[PDB]
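Student: This is the structure I want to talk about, given as structure tokens.
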Amino acid sequence: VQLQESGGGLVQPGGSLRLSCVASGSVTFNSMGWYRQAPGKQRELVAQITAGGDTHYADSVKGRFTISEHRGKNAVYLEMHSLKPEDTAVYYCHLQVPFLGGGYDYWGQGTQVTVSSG
Amino acid sequence: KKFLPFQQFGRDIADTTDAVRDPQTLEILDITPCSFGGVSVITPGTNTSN
Amino acid sequence: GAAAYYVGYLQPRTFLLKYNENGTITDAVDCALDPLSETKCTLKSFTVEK
Ligand SMILES: *[C@@H]1O[C@H](CO)[C@@H](O)[C@H](O)[C@H]1NC(C)=O
Ligand SMILES: *[C@@H]1O[C@H](CO)[C@@H](O)[C@H](O)[C@H]1NC(C)=O
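Residue numbers (the deposited numbering), protein chains in the order written: chain K, 2 to 119; chain D, 557 to 606; chain A, 261 to 310.
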């Protein structure tokens with residue numbers, strides 16, 4: 002069970018949205034990450050923040066998608082701007098539980114975001 | 557109440573579900589019995605008044 | 261070979277777990293280890309009196 006993710010929806014290109022990783026309890030971790038996956042394409046790493054604070058950004062998402070973390074609500078946040086039709090996908094977030102030196106992330110659930118004029 | 561990531565219910569006296577976690581939004585809510593009590597009628601003698 | 265490991269085999273038992281105020285296991289008592297532990301288990305307390 003552990004973590005679940007919810008939020009967002011369909012928005013016409015040129016808008017903005019906020020994706021949230023709803024808190025499932027206080028867990029130890031070191032890297033909160035975001036992929037988006039669309040049918041016919043592989044799961045692509047689009048965003049990653051660290052426990053230290055390193056915000057990894059892919060080349061196709063720089064300057065438009067941003068990460069934040071809220072320790073008060075324990076939750077990760079992704080603010081999305083200047084949407085494009087290529088952004089149509091289901092978005093999932095992994096955690097960094099340190100199993101056996103590191104592994105067994107928890108992106109089991111995500112949110113569908115479709116960017117189209119209709 | 558602070559719930560570990562793998563916990564669902566809670567029971568203080570081991571037979572009452574004190575708390576519960578909502579399946580849709582993973583937040584923890586506590587549960588309390590609604591209310592109940594007895595009704596007493598303070599009265600003087602019916603011979604005196606009503 | 262300084263890196264090493266230790267192996268043990270689990271057996272059925274009757275523990276008595278002491279959940280703290282935050283729901284984290286902090287102590288336990290093996291009921292069938294020594295008689296004092298049996299008295300602790302049957303009294304449902306961590307300290308028995310004379
Ligand atoms: C009962 O009523 C009578 C008259 O109706 C009165 O004199 C008497 O004091 C009353 N006694 C009590 C206990 O109410
Ligand atoms: C239990 O949690 C509270 C905060 O909810 C904290 O202040 C306290 O130190 C914790 N107790 C222990 C023993 O960790």
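Positions of the beta carbon are idealized from the N, C-alpha and C atoms, including for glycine.
Output the boundary residues of the beta strand (DSSP E) element that contains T302 (chain A).
Tutor: Stepping through the third sequence from its first residue, residue 302 (chain A) is reached at position 42. Premise fails: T302 (chain A) lies in the alpha helix (DSSP H), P295 to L303, not in any beta strand (DSSP E).
Student: For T604 (chain D), is the beta carbon positioned less than 6 Å from some heavy atom of ligand 1?
Tutor: Looking up residue 604 (chain D) in the second sequence gives position 48. For ligand 1, at least one heavy atom lies less than 6 Å from the Cβ of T604 (chain D).
Student: I want to verify the contact list: residues of chain D whose CB lies under 9 Å from the CB of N282 (chain A), in sequence order.
Tutor: Mapped onto the third sequence, residue 282 (chain A) falls at position 22. Simply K558.
Student: Are the segment 68 to 81 of chain K and the segment 22 to 31 of chain K touching by the rule of at least three beta carbon pairs closer than 8 Å?
Tutor: Yes, they touch.
Student: Bridge partners for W108 (chain K) per DSSP, in chain order?
Tutor: As a working mapping, residue 108 (chain K) is identified with position 107 in the first sequence. Its beta-bridge partners do not exist; DSSP assigns none.
Student: Count the CB pairs spanning the segment 12 to 21 of chain K and the segment 566 to 583 of chain D that are closer than 8 Å, and state whether there are at least three.
Tutor: Short answer: they don't touch.
Student: Let me check one thing: in DSSP terms, what residues is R577 (chain D) bridge-paired to?
Tutor: Here the question's residue 577 (chain D) lines up with position 21 in the second sequence. In DSSP, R577 (chain D) forms a bridge with D:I584.
Student: Under 8 Å, CB to CB, which of the residues in the segment 73 to 86 of chain K have a partner in chain D?
Tutor: So the list is empty, because no residue satisfies the distance condition.
Student: Quick check on the burial criterion: 16 or more other C-beta atoms within 10 angstroms. Buried or exposed for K300 (chain A)?
Tutor: In the third sequence, residue 300 (chain A) corresponds to position 40, counting from 1. With 16 or more other Cβ atoms within 10 Å, it is buried.
Student: Take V2 (chain K) as the anchor and find which of D:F562, D:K557 and D:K558 has the nearest alpha-carbon.
Tutor: On the first sequence, position 1 is the one that residue 2 (chain K) refers to. Considering only alpha carbons, the answer is D:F562.
Student: For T581 (chain D), return the contacting residues in chain K, with the cut-off set at a CB-CB distance below 7 Å.
Tutor: The residue you call residue 581 (chain D) lines up with position 25 of the second sequence. Near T581 (chain D) (Cβ distances below 7 Å), the residues of chain K are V23.
Student: Less than 6 Å between the CB of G601 (chain D) and some heavy atom of ligand 1, yes or no?
Tutor: For the purposes of this step, residue 601 (chain D) is taken as residue 45 along the second sequence, with counting starting at 1. Checking every heavy atom of ligand 1 against the Cβ of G601 (chain D), one is found closer than 6 Å.
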